[PDB]
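Below sits a lone chain in structure tokens, taken as the form solved without ligand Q5H.
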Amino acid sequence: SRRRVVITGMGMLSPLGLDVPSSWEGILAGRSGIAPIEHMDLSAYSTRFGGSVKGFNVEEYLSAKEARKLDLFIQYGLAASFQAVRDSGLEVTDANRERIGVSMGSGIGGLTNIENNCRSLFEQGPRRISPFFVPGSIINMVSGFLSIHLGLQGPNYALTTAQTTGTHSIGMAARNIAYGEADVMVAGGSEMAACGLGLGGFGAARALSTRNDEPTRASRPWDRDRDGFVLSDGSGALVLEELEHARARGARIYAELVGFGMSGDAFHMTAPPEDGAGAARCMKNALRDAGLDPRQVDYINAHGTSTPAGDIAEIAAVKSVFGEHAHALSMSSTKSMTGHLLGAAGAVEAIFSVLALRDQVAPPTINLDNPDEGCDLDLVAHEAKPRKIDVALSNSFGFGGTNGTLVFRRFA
């Protein structure tokens, strides 16, 4: 009924590194990538730190002339995409390019570019807007430009499901491959909302931590002194591949993507329900899609955003799905270190989940000094935990109560 889908390539920019292996070394070491933001003047803002991408040089991937039309969220998406296509060793030919596509998305897209063109329009009027504004700032153009730069002719689209984007992108790209619409898909997410509208919009909603004096401690999922999420930038991308197609060309396979689930809370615009019953259904859907019993799960990479309401819902949902086995699995939030990459969070965390399968180690939940009422599971507090990981889950639960769960598994 379904062809099998594996991960043959990965790419990343995060607040911990300009590629995957540098970012992952950071994760394993408990390193925070959070810091006061240098690129702009945040003095008037109630929050002043974030996970920024540091030292990014777009001209590793594109000429200065190409790069200049494109919002940072696009540059970030192409870079992760390029890394991953490279990482995969895939050679794109006339014989396969119609079988290779792209699903790279974003939660908010080109907010920086829109900001800047907004300034021009207000001060100098319509004619000063760039002619590349639209193509260089709408969300589908990570997918757009990547297909052009790589001559990829397969399914070409983009999701935008806020903080769940990255997770849904990967899952539905795998469904493209399982359905026969593609053999290969580049999927993932990118974001750069660290601009005045991003930080101010999230500040206005009071959704962000305001621990300005100690930014590396701001993101503390399941800690009783948590005060909101930490906004972060970057991108993740995976090369998904039908199993036989990868065997045929001798691909290195990191892991198998076995399950994808989805759900809606149908509850509230920004807050999850106390019992996490939407997240519970999503994980259950993802497990059944993988043909798995809850007891076969060894590691969960949580959404774990460091909001009061969400961290606790996620515990409820895990306890209700997994029962007693909730105490045997390890769950951690690597947002404790990376911050919340929004639409890219799902993508980088899928990659963290795959790496956790490769190296048999559960990354840590840093800053988990005083676990709140109920937060009594193995949350890998403080430091990496080597252990058996056969099956690894990655959740994302975003505004609009939109939920997504991926299930990965060691390959053989």
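One rule holds for the numbers: they count along the sequence shown, beginning at 1.
Not pictured, yet referred to below: the form solved in complex with ligand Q5H.
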> Just to confirm, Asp265 within 4.5 Å of ligand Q5H in the deposited complex by heavy atoms?
Replying inline: yes
> Applying a 4.5 Å heavy atom distance criterion, does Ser143 contact ligand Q5H in the deposited complex?
Replying inline: no
>> I'd like to check something about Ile253: if you look in the deposited complex, is any of its heavy atoms closer than or equal to 4.5 Å to a heavy atom of ligand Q5H?
In response: no
> Does the 4.5 Å heavy atom contact test between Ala271 and ligand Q5H in the deposited complex come out positive?
Replying inline: yes
> Even though the chain is shown alone, can you say which residues of 381 to 412 have a heavy atom within 4.5 Å of ligand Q5H in the deposited complex?
Replying inline: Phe397, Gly398, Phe399, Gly401
